[PDB]
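There is one chain below, alone, in structure tokens, taken in the form deposited in one PDB entry.
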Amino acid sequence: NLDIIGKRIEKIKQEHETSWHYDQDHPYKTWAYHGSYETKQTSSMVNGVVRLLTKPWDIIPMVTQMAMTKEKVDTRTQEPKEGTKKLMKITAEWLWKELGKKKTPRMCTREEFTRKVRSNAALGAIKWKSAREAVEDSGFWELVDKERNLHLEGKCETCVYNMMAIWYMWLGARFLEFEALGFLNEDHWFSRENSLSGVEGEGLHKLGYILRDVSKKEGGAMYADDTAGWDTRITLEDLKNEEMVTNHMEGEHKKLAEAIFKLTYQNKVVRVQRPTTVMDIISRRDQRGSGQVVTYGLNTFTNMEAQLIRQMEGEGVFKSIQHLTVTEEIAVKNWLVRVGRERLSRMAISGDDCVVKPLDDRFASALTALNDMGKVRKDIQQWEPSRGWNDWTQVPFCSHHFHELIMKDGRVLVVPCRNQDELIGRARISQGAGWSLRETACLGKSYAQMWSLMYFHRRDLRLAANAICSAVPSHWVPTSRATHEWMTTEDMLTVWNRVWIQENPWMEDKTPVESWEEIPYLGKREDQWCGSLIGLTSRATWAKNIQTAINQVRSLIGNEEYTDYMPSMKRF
């Protein structure tokens, strides 16, 4: 409590000593409330290039509504039973060891962090305006040093969350989290090769092949239960099991990592704007409050742990979660040592998102440990058995399903897919404003090249992608604000051959493809089923008159070097 958070709280009061009021109509029951001060401050814009080249979608409500525009955060998960706590501690210990077998924890550097902000990544930050300026500035780094020495002392002053649910910190606090825990992401601890259940850095062009490899194992159905608000269901017990990564560390790193876990995770402080505008300073010891990248890695870890325990329950490794016997602890340990790795290989896990192919379908009704860890399944009654999938091409994972698509030469593509309304509606939105015509065009080109690489097998996206790349100057570089092989000025057929043939470990014959017409689509009915507008009069007019749309956008951007990509299609 206040011994660890006082300094942060005390500091904030003093900066707004001419506003501090301890309001008694504060909406908080779970969150600890400390005080309030005076504040007054705060949407998605449409990409006109993508929209002008996707006119049929102007009348599809699923597309157009995506561009318009709580009581989950203010909740508390109960303390798990003692047998649940033991299962979790034993499993967490074994899993950190397995992840650490071929990796060395290590500090991440200012140089690494500096290069990260100069290249623009979503670091979620807030004397300086841009984070680029601070990295260049040198007082900021003295500010970092002060906090750093404070962390070594066992104290914290400026590591405070701002809710808006995404929790931004000042860039200095992000540095210190990245210094301590950045190795998890930077050194690929959750790669499939090192974690077995993981998919970090794999790419959407690999996920479908990975699900198909899981399908090949003997077992029962494939289960893909989503958790109801995963971040809100992270217990202090989960935070303490995650902290055990510091047991693999040494020297300063160990102290710095212990400090982030103790001070910024296990005992948080947040400033939330309440319109009644006032800034409430509240605190809590549980729930997920980190950086989006460390959040990913620790969500993956705790999800792997929860799913191995659910598997153990389905195999009857333990009887009851209320209490674990000394023989049952022995059995859990022997299971992990004898089949732990095999059971990890039966899963694909990406943060909160999982697919499990258990040994058999007893897993479907193995609910006691899962419910008691507080990982309550979304949209199903607490004690109703999971509905599993019998076909790997039906299984949802990372917002996608995967099709098996056979090339005219017999080689097999496993391709990612989702409702086409979702793909078109996302490409039509630009995050933040201040965008030039050129920047908006380069974002449209990023979507177009992504569609050519991942969604080529959809007829409407190949056409629209060719149109947008025809409408945007040939040499303009794609921008943004997975592995992203579409972010390049190289020829998109050359990248396709590299990603789908040369570098594709499931493709034995490495014969290059010479043209886009060699590259197949879904079935006409599978395409429409997935949402193609084909067969519609509004769509055929768009395909027929596409050069007119292209020319409208060329006229707006002006007199530039353009390429006609439309003849890559045999029809044009």
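In this text, residue numbers run from 1 along the sequence as written. Here, rigid core means the biggest group of C-alpha atoms that superpose within 1.5 Å across both forms.
> For residue 64, record whether it is unmodelled in at least a third of the other compared entries of this protein.
No, none of the compared structures omit it.
> Counting only other entries where the flanking residues are modelled, do a third or more lack residue 42?
Yes, residue 42 lacks coordinates in at least a third of the other compared entries that model both of its neighbours.
> Mind giving me a quick count class for deposited residues absent from the model between residue 42 and residue 43? Options are none, 1 to 3, 4 to 9, 10 or more.
The entry leaves 1 to 3 residues without coordinates here.
> Unmodelled deposited residues between residue 481 and residue 482: none, 1 to 3, 4 to 9, or 10 or more?
4 to 9 residues are missing.
> Compare the mean C-alpha B-factor of 495-503 with that of 376-384 as given in the PDB entry, and name the stretch with the higher value.
Higher mean C-alpha B-factor: 376-384.
> Comparing 266-274 with 218-226, which has the greater mean CA B-factor as deposited?
Averaging CA B-factors over each stretch, the winner is 266-274.
> Given 510, 525, 544, 34, identify the residue with the highest C-alpha B factor in the PDB entry.
Result of the comparison over 510, 525, 544, 34: 34.
> Among 241, 431, 307, 104, single out the one with the highest C-alpha B factor in the record, please.
Highest C-alpha B-factor among the listed residues goes to 431.
> State the tercile, meaning the lowest, middle or highest third, of residue 176 with respect to the CA B-factors recorded for its chain.
Its C-alpha B-factor, which the entry lists for residue 176, ranks in the middle third among residues of this chain.
> Is the Cα B-factor recorded for residue 521 in the lowest, middle or highest third of its chain?
Lowest third.
> If you rank the chain by CA B-factor, which third does residue 453 end up in: lowest, middle or highest?
Lowest third - that is where residue 453 ends up once the chain's C-alpha B-factors are sorted.
> Please place residue 69 in the lowest, middle or highest third of its chain by C-alpha B factor as given in the entry.
CA B-factor rank for residue 69: highest third.
> Sorting the chain's CA B-factors, does residue 126 end up in the lowest, middle or highest third?
Residue 126: CA B-factor falls in the highest third of its chain.
One more form of this protein, deposited in another entry, exists but is not displayed; see below.
> When the rigid core of both forms is overlaid, which of 369, 469, 159, 95 is the one whose C-alpha moves 2 angstroms or more between the shown form and the other one?
The one that moves 2 Å or more is 469.
> Is the C-alpha displacement of residue 425 equal to or greater than 2 Å between the shown form and the other one once the rigid core has been superposed?
Where the cores coincide, residue 425 still shows a C-alpha shift between the shown form and the other one that is 2 Å or more.
> Once both forms sit on the same rigid core, is the C-alpha displacement of residue 33 at or above 2 Å between the shown form and the other one?
Residue 33: C-alpha displaced by less than 2 Å between the shown form and the other one.
> Tell me whether residue 435 is among the residues that move between the shown form and the other one (Cα shift of 2 angstroms or more, core superposed).
Passes the 2 Å threshold, so yes.
> How does the CA gap of residue 119 and residue 200 change in the other form versus this form, closer or farther, if it moves 3 angstroms or more?
Here the pair is closer than in the other form; there, farther apart.
> A 3 angstroms or greater change in CA distance between residue 186 and residue 119 is reported in the other form. Closer or farther than in this form?
It is farther: in the other form, the C-alpha atoms of residue 186 and residue 119 lie at least 3 Å more apart than they do here.
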